[PDB]
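Remarks on the structure that follows.
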Amino acid sequence: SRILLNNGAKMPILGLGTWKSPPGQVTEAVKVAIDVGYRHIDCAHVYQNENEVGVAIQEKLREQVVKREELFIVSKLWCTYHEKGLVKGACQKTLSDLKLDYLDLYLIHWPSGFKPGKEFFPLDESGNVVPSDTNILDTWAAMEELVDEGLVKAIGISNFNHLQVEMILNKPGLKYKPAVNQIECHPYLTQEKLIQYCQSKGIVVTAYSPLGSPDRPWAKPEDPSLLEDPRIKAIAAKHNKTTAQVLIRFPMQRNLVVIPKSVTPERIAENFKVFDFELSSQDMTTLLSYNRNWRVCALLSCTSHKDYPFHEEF
Ligand SMILES: NC(=O)c1ccc[n+]([C@@H]2O[C@H](COP(=O)([O-])OP(=O)(O)OC[C@H]3O[C@@H](n4cnc5c(N)ncnc54)[C@H](OP(=O)(O)O)[C@@H]3O)[C@@H](O)[C@H]2O)c1
Ligand SMILES: O=C(O)Cc1nn(Cc2nc3cc(C(F)(F)F)ccc3s2)c(=O)c2ccccc12
């Protein structure tokens, strides 16, 4: 149920995602999740719902359902706060919203810094994202300070390519190695090279968008649909499981952490019922065979940013 991180802490391999969970629904989602056994919640300031996630956690702590030490709460430093001077306040805002005194894991959400200011996606008049003059290593050093001050127990990265990870690993005077790299991963984007890289370096990989993010706001009707893939439905039927259950179990059997999102109580419970069956070797081979290098998350307006991660092969 949990994987050991480099700081000695254990991270639950199944967590609840919260991107696109409206504040109207995420409090109930998190309450239900905790009731049915989730102990890991994946959050971010940019998801605009951390206050409501926080309400749910506070309530369940107060109800004596769970103790804080049993929860594993992750959040992420948004791109507009990469300047060394902005990092601590960004973390403290997340902590205040979540009503917590520490995070279990805090990630650099994307390797790119954006122009500081109120807008999460500052654009120029021609639609290009406006970068900031920040660099990965200075942002990393700021993240390390959060560990040293007790705000966070572990730090990591998200959407970093292997060269960007290597930059941090090779930093003279590195204080903390990244514990986790959180990346998009599912049968249409199987990430074999980056997973082998990270796992060889002692970095745990978390798979995001494991169901293919059908609710992503830029979906096009001609896009591939993992949950509707008849090939994956057939593997699910053979196990008397749903397609979502197969898609969640798949990364678990690759020694990945996985964070499916739902706000629908029946699905939150369904998605956790993945510890009672095993995909066969042939199932795993078949699912890996569906790779198409297809990404849910890769914003066009960011493709000229100097730190855009997806020009590299991996
Ligand atoms: N680090 C990053 O850059 C990054 C990027 C993307 C995602 N993430 C994290 O990863 C999480 C998961 O990714 P995601 O939100 O993109 O998408 P996802 O988990 O792949 O898919 C969520 C979508 O699937 C639906 N769904 C959930 N369970 C289902 C089930 N059993 N049957 C049918 N449909 C089901 C949900 O609907 P309902 O909610 O309406 O039930 C929602 O529309 C995020 O929420 C976020 O926490 C991180
Ligand atoms: O962020 C999430 O969790 C999900 C996520 N993904 N995307 C796609 C992105 N593509 C990027 C590319 C870069 C780049 F590094 F390439 F510059 C930087 C930042 C991004 S956001 C979004 O546009 C988005 C908008 C609101 C809330 C969350 C998201």
Side-chain angles (χ1 to χ4, degrees), residues 1 12-22 25-26 29 32-33 36-38 40 42 158-159 182-196 198-199 205-219 221-232 234-237 239-265 267-277 279-300 310 313-314:
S1 83
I13 68 173
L14 183 48
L16 183 70
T18 66
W19 172 39
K20 315 169 264 57
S21 298
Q25 284 183 265
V26 75
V32 164
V36 307
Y38 291 74
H40 169 187
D42 184 77
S158 184
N159 302 295
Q182 179 183 127
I183 67 179
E184 187 177 335
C185 185
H186 48 68
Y188 301 157
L189 185 74
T190 53
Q191 299 275 20
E192 300 187 345
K193 286 173 175 205
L194 182 57
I195 290 169
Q196 175 257 94
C198 289
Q199 291 187 333
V205 172
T206 303
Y208 78 61
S209 305
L211 312 182
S213 200
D215 55 342
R216 67 200 182 279
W218 49 74
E222 68 265 23
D223 293 338
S225 181
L226 277 167
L227 286 159
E228 293 168 359
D229 188 318
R231 300 170 299 179
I232 310 181
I235 292 166
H239 292 279
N240 302 290
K241 296 300 256 190
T242 67
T243 299
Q245 290 172 326
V246 167
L247 290 170
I248 293 159
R249 185 69 193 197
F250 174 54
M252 298 166 67
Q253 290 189 207
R254 304 178 72 195
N255 304 303
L256 312 178
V257 175
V258 63
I259 53 168
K261 173 268 179 183
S262 181
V263 289
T264 306
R267 295 168 163 175
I268 293 165
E270 169 179 319
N271 289 352
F272 202 70
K273 291 175 186 177
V274 294
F275 295 88
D276 65 329
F277 79 111
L279 294 168
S280 70
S281 172
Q282 180 56 249
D283 294 333
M284 291 300 289
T285 287
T286 293
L287 289 162
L288 285 162
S289 79
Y290 297 159
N291 181 53
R292 305 273 292 161
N293 307 131
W294 176 79
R295 300 184 184 268
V296 162
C297 288
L299 194 62
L300 165 62
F310 309 139
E313 187 197 357
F314 72 99

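Every heavy atom of this structure was used, including side-chain atoms; hydrogens, water molecules and symmetry mates were not. For this chain, numbers begin at 1 and follow the sequence in order.
- Under the 4.5 Å side-chain criterion, counting only non-hydrogen atoms from C-beta, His40 is in contact with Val257.
- Contact check for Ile232 versus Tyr290: side-chain heavy atoms found under the 4.5 Å cut-off.
- Between the side chain of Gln245 and the main chain of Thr242, a donor-acceptor pair closer than 3.5 Å is present.
- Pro251 places none of its side-chain heavy atoms less than 4.5 Å from the side chain of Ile13.
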- [ ] Could you walk me through whether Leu14 and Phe275 pass the side-chain contact (heavy atoms from CB on, under 4.5 Å) test, one step at a time?
- [x] CA-CA 10 Å; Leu14 183 48; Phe275 295 88; 3.7 Å; yes
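- Scanning all heavy atoms of the two residues, the minimum distance from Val296 to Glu184 falls at N-OE2, 2.7 Å.
- Taking the centre and axis of the six-membered ring of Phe250, the NZ or CZ atom of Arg254 falls inside the cone set by 45° and 6.0 Å.
- Pairing each heavy atom of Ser213 with each of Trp19, the nearest pair is OG-CZ3, 3.7 Å.
- Counting heavy atoms from C-beta outward, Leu227 and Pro214 have side chains that approach closer than 4.5 Å.
- Ring pair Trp294/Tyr188 is perpendicular by interplanar angle, where above 60° counts as perpendicular and below 30° as parallel.
- Between the CD1 atom of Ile235 and the OG1 atom of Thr286 there is a distance of 5.5 Å, given to the nearest 0.5 Å.
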TODO: Dump the intermediate steps for side-chain hydrogen bond (donor to acceptor under 3.5 Å, both in side chains) on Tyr38 and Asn271, then the final yes or no.
DONE: CA-CA 10 Å; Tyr38 291 74; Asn271 289 352; 4.6 Å; no
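- If you run side-chain contact (heavy atoms from CB on, under 4.5 Å) between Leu226 and each of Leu247, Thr243, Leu189, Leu211, only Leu247 comes through.
- The shortest non-hydrogen separation linking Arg216 to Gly212 is NH1-O, 3.4 Å.
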- [ ] Test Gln199 against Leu256 for side-chain contact (heavy atoms from CB on, under 4.5 Å), laying out the working first.
- [x] CA-CA 9 Å; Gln199 291 187 333; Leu256 312 178; 3.6 Å; yes
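- Between the CG atom in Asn255 and the CD1 atom in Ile195 there is a gap of 10.0 Å [rounded to 0.5 Å].
- Between the side chain of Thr206 and the backbone N or O of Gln182, no donor-acceptor pair lies under 3.5 Å.
- Here the CD1 atom belonging to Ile248 is positioned 13.5 Å from the NE2 atom belonging to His186, to the nearest 0.5 angstrom.
- In this structure the side chain of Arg249 never reaches within 4.5 angstrom of the side chain of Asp283, judged on heavy atoms.
- Distance alone, capped at 3.5 Å, is enough to place a donor-acceptor pair between the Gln253 side chain and the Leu279 backbone.
- With values rounded to the nearest 0.5 angstrom, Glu313 atom CD is found 10.5 Å from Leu194 atom CG.
- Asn291 and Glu192 form no side-chain donor-acceptor contact under 3.5 Å, judged by distance and modelled atom types alone.
- In this structure, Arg267 and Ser262 approach most closely via the heavy-atom pair CB-OG, 3.4 Å.
- In this structure, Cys297 SG and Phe310 CZ are separated by 8.0 Å, a value rounded to the nearest 0.5 Å.
- Here the CZ atom belonging to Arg231 is positioned 7.0 Å from the OG atom belonging to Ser289, to the nearest 0.5 angstrom.
- When all heavy atoms of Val274 and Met252 are compared, the closest pair comes out as CG2-SD, 3.7 Å.
- Nearest approach of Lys261 to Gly17, heavy atoms of both residues: CG-O, 3.4 Å.
- Between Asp42 and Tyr208, every side-chain heavy-atom pair lies at or beyond the 4.5 Å cut-off.
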